[PDB]
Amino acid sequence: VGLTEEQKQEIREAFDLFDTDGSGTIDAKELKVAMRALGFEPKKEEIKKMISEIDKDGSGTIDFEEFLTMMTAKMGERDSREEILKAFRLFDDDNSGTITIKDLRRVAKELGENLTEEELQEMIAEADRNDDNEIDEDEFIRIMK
């Protein structure tokens, strides 16, 4: 639940890696060279905005503590995701990848509840948002969170 020691040290080493001059702080130029090596190919305007969000003391640079606070909150997010998705997969009855009207018919049975096909499609359409009559991982995560 809280950062592991192993994660604390990984974040440090990732910090020291991004900090190429050893300044103690990640500047806007180091952030973009790090975001590319992370695959990314970001735009100046985004880098700036990253900087402004992670920075807390107006330096326009990221020190270790600002980086740690950010990484802490990302990993936190990533683990709440992985946990909502353990449940998703309970509701993905046939392990298809998305919760469909078939999955909910079956769930409904397995709870001894007699809900109509119409009663169930409403559900889908509330949580649905790309108009495919399915509930995918992001839709589920969303209607939980």
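When you see a residue number, it is the position in the sequence shown, counting from 1.
Relative to one another, 24 to 32 and 82 to 90 have unequal mean CA B-factors, and 82 to 90 is the one with the higher figure. 103 to 111 and 54 to 62 differ in mean CA B-factor, and the higher of the two is recorded for 103 to 111.
Annotation for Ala125: C-alpha temperature factor in the highest third relative to the rest of the modelled chain, per the entry. Ranked against the other modelled residues of its chain, the C-alpha B-factor of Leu68 as given in the entry falls in the lowest third. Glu137: CA B factor lies in the middle third for its chain, per the PDB record.
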